[PDB]
Every structure is written in C-alpha cells, then in structure tokens.
C-alpha cells in the first residue's frame, strides 16, 4: 500500500505565457491532458496540482465574476481528476500578486476565494491552495492573506476540503522556520489546514538546474521544517520538488522521501514538479509517456505508491 496520504504531480500549462493576459488557449497556455493524468493514476499517484492564473480566472478585479471559458476548463480538469478518485489541487499560481502587484487587501482576496470555492463546494476531493509561493512581501500580510482565503472558502460552504496554505520565502521548506513561524496561528473551523512547502535541490533552491548540491541535500533541507511541524502539531506537504535525472539527484530524492516516510506523523506526502503537455525535453518532465522524469524518476517514486 501507499506510504503517504498523498503522492502525485503538478499538471502545469494553464499558467503558461503569463505575460499575455488574458492570452489565448492553445497558443499561450493549455490545460492538462486527462489521458496522461489517467496514466499517472494507474502508476499510483493520487493527487494532481493544477496551476492557473488568477487574472485569467477572474479578470481585472479579483472581486469580480469569473471568466466562463477559462473557468470551464478549470472545472473540466479538476472534475476529471476527482471522477477518478484522485485529489485535485486548485492552485492560483500567483506569487501573492495580481497583475504583478502585491495583493494588499485580504478582503478582496477573501471574495476571490469565496468565488473560487463556490465552484467546487460539494466536491470533497478538491484541495484549495491559497496562492503559490508568496515572496518579498510583509510577513503579517502573508498570514492574513492565507486566513482570508480560508475564511472565504469556508464561507462558501466548502467545508469538507483540505486547504493548502503557503508561506513567504517562496514557501521553501529549508527557510520555513525562521521566516514563516507566524503561520502557525492560522485557523480553520474544519481543521484541515496543510502547510505546503516547496523544496528544490540545486544550489540556490530555485529548481532551475538539473544539478543537485549533494546526495543528501533534500533530507537536509527539510529537517528543520519537519521539527517545526511536529513541535507545532501541524501537518505538511511538499507541494513541489524536483531534481535532474542523474545519480546525485536521484539519491537525494530517495533520501528525502525515505526521511519523510519516517516522519509521516507530520508529512502527508509530496508532489513532483511537473507534468503537463507543453514541457517537451524539460529536465523535470513527469508527463507520460516520454518525459524524462516519467521514465527515470518515476521508478524511484514507485516504492512510495
């Protein structure tokens, strides 16, 4: 059986070409392929994270009406995942920013989240992710935006679903404890907050190089966060991680996941970055049937499924 509550992949593409807003489906961005998601489910993956742009889903003002056509594809993608019994993570992949300006109004953000959650309120397999990778912004604001999201979600009657909260510092696991301590004060009447951290293995933790620092760097970089979660009685997820298809990265990945598997009292699982249809020869592609991580990394993930 499965080692973790959740183990799966990001399904990237709806957030592509972000300099073009709204942009054009099939030209600037694309939604995930349900057929290749099905393949990942057959391999044992049970969670799929779906990035999208806030501005494409709710144009101009985040308190306004959704765009019906982009919403239609978000719904279709999400419900196709959940119809197969997998969890679907709704990820406004926005960096704490809307038209590249910091989201400074928790109340506006709460209305955005009631709008979004109302589209999925009765689906217990949807997971709401408040925002991808807050960074370079006020730490109390980040707390308040996460809380506003939770409040908006629950106000819509979407009470069955987990909520993935994200911290500042690009929600990095390695930087969590001295940046994001205040995030322990988030509240949820459903008691379904998961602290989503991201952890890359290259020098600067940006996940842009296929080269990992060392064969133990993953374990090393999530150790402090693991202790923080335990000390605070919280649960976490690694919502993005990756490494190159090479020996040092594969060893680091195994080491990190084996470490997590020893600490399942706090770690709910892990989500690879990334599958999706427009990655080609991308160093981290988990897209069946020919992504490099699909072919060379999935065999080292299978032990957890």
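Residue numbers count along the first chain shown, from 1.
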Query raised in the report: If you average the Cα B factors in the entry, which is higher, 192-200 or 210-218?
Result: 210-218
Requested in this report: Averaging the C-alpha B factors as listed in the entry, name the stretch that ends up higher: 254-262 or 55-63.
Outcome: 254-262
Report task. Tell me which of 47, 37, 270, 242 tops the list for C-alpha B factor in the record. Result -> 37
Query raised in the report: Going by the entry, which third of its chain does the Cα temperature factor of residue 80 land in?
Result: highest
Report task. Looking at the entry's B-factor column for C-alpha atoms only, identify whether residue 277 ranks in the lowest, middle or highest third of its chain. Result -> highest
Requested in this report: Name the third of the chain's ranked CA B-factors that contains residue 106, choosing lowest, middle or highest.
Outcome: middle
Report task. Using the B-factor values recorded in the entry, state whether the Cα atom of residue 144 falls in the lowest, middle or highest third among the modelled residues of its chain. Result -> lowest
Requested in this report: Using the B-factors in the PDB entry, rank residue 26's C-alpha atom against the chain and give the third, lowest, middle or highest.
Outcome: highest
